[PDB]
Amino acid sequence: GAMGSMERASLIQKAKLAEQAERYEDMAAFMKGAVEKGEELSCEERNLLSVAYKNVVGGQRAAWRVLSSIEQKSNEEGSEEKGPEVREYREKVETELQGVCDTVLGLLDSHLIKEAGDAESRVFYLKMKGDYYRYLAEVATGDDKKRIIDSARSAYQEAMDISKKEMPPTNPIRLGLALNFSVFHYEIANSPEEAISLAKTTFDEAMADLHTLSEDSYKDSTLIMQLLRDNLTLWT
């Protein structure tokens, strides 16, 4: 696309600048360009891709939730009719969010996942796939909602199976996957008990492996463990 004429290394360099500038839409466009060069991504480059799109979609999700809350108050008893505008604007934001999710899913399908053989890369991309189907599920209503939820579940489950076989229980990628799959269970799949069990099991298995870690790896792992604990505290 518009990045086709820019060097791969320059796209990555500019993604890093955009991050520093808090220009996340630019960051995401640079990283899309880098992916579309066709080469596999390094660990650092995967992280840049993730950060860029997570920030873009996160802003959209936050706006969607504000608009949805105004829309659902408009649809209460005793609410004055104010016309189509709230729905139309919610729809506009929703369609943009869906477009971003579709963009990310398209990068994963063409061709990041199929070229990813190492557990670090494959788990990362499958977790991403689950996340972006999860964001689609948050706004889905209507006939494909079940299928979207199933797509998220399937991606997460494939990532889980690989991570349990190939990574230690403290690996930050494995931990973040488990965190996000637990969120899926609680918030999307109407399975709070599964969410709680996964978070508990994950936390406890990681605890038991901390003794193997350097000081720096310990800090990395315990940061995510704390998030599992924060959700457990919220959910119980």
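Numbers for residues come from their place in the sequence shown, where the first is 1. Between two forms, the rigid core is the largest collection of C-alphas that superpose within 1.5 Å.
Fitting on the core, do the C-alphas of 205 to 213 or of 180 to 188 deviate more in 9 other deposited structures of this protein?
Between the two stretches, 205 to 213 moves farther in 9 other deposited structures of this protein.
Quick check: by Cα RMS after rigid core superposition, does 13 to 21 or 220 to 228 differ more from this form in 9 other deposited structures of this protein?
Between the two stretches, 220 to 228 moves farther in 9 other deposited structures of this protein.
Where both flanking residues are modelled in the other PDB entries compared, is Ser79 itself missing in a third or more?
Comparison shows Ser79 dropped in at least a third of the other entries.
Which has higher Cα B-factors on average according to the PDB entry: 64 to 72 or 28 to 36?
Comparing averages over the C-alpha atoms only gives 64 to 72.
Compare the mean C-alpha B-factor of 73 to 81 with that of 147 to 155 as given in the PDB entry, and name the stretch with the higher value.
According to the PDB entry, the answer is 73 to 81.
Out of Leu112, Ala119, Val104, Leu126, whose C-alpha atom has the biggest B factor in the entry?
Comparing C-alpha B-factors across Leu112, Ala119, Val104, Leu126, the maximum falls on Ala119.
Please rank the C-alpha B-factors of the chain's modelled residues and tell me whether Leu17 sits in the lowest, middle or highest third.
According to the entry, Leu17 has a C-alpha B-factor in the chain's middle third.
Per the entry's values, where does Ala189 land by CA temperature factor relative to the rest of its chain, in the lowest, middle or highest third?
Highest third.
Ranking every modelled residue in this chain by its Cα temperature factor as given in the entry, which third contains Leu11?
Lowest third.
Thinking about Cα B factors across the chain, which third does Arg134 belong to?
Its C-alpha B-factor, which the entry lists for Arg134, ranks in the lowest third among residues of this chain.
Comparing against every modelled residue in the chain, figure out the third that the C-alpha B-factor of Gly59 lands in (lowest, middle or highest).
For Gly59, the deposited C-alpha B-factor lands in the highest third.
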